[PDB]
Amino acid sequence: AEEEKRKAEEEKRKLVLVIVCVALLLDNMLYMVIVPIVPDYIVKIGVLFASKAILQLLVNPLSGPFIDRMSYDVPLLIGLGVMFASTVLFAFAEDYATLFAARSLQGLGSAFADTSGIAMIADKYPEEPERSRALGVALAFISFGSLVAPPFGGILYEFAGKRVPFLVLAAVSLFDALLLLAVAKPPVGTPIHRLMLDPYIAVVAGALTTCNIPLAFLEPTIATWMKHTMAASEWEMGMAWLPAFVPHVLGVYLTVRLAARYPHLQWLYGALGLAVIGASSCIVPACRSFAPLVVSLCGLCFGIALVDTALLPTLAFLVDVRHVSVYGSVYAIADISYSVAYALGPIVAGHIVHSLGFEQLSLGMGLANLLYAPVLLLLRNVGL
């Protein structure tokens, strides 16, 4: 029964991959579906979104050690449990402060669930040409839940309210957590004090910060830019993030296939992604109809797809080779990067586009990414 054992090992491993990708879908669906529905229930709302992400910046440098002290199935149980808590706290509560605590809770739940989920995808796929494939499918479900879910959330919020959508989504969350319990049934690490002084973790964390900063700044800012420049409406600005899903995954496929064909200069096909985000940093403020802004955001999701799918596998490869082979603290560093982007986002984005303008924010993205894109030369001989 050895070959039955190996096949069933592959079945449990693929089931854990699919279940963790669907948990990532549920979490990102929660995030990008509750972004529009909050201002029905009053400055102090940008601080709600950034308090989610800044709470996440609070808990994941602490959660990173608390993830590496334990097999990762239990800190994904914790993550989907507080996902269920936050989601029913959306569905039954309507006050701004319970909404605030639910969004914040979700911040800690993103820390636990997303960090341990990407971490056990990196564990359970130790071989590199299938690690990059599994992290690419993780990115695929994250982009699905972050891009095609605001259309489903719009069509089930201004046609079904918020009680029954978030209770059926809480049902899928609890069922995915209990299915993870049905399929998984659950040494010392590198300190963050020793990861933050490493140059290679620091340049990849700056890469994740800088590639997440346009999706940080634009998402509460694209709406008022539609209103000011393009004169948009309900049906227009809400599904202008949908058509950027299909390039994203396709871009993922490139930096999955090229992970196996030419794995030499992967940092090239990391930094190239950042460079085309710089193309986004040129092409966003000159869009004359719906199609140029759609293809600009397609390029934006395309570039961050390339950057995440080419820099999450080499992040686990970096903590494999240079450090001890645990994956909780290093994707806690990745999620600190994601979190500091989405925490600097909604506080300052709207007020600088009120004050300075929007071309100043696009040229700020240009200055940041074009002062950062040759810093990926620091990974020059790592791929050996």
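Think of the rigid core as the biggest set of C-alphas that the two forms share within 1.5 Å after superposition. All residue numbers are counted from 1 along the displayed sequence.
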Stretch with larger C-alpha RMS deviation in 5 other deposited structures of this protein, core superposed, 253-261 versus 223-231: 223-231
RMS Cα shift after core superposition in 5 other deposited structures of this protein, winner of 232-240 and 166-174: 232-240
Absent coordinates between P129 and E130 - deposited residues affected, binned into four classes: none
Chain break class at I42/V43 - deposited residues not modelled: 10 or more
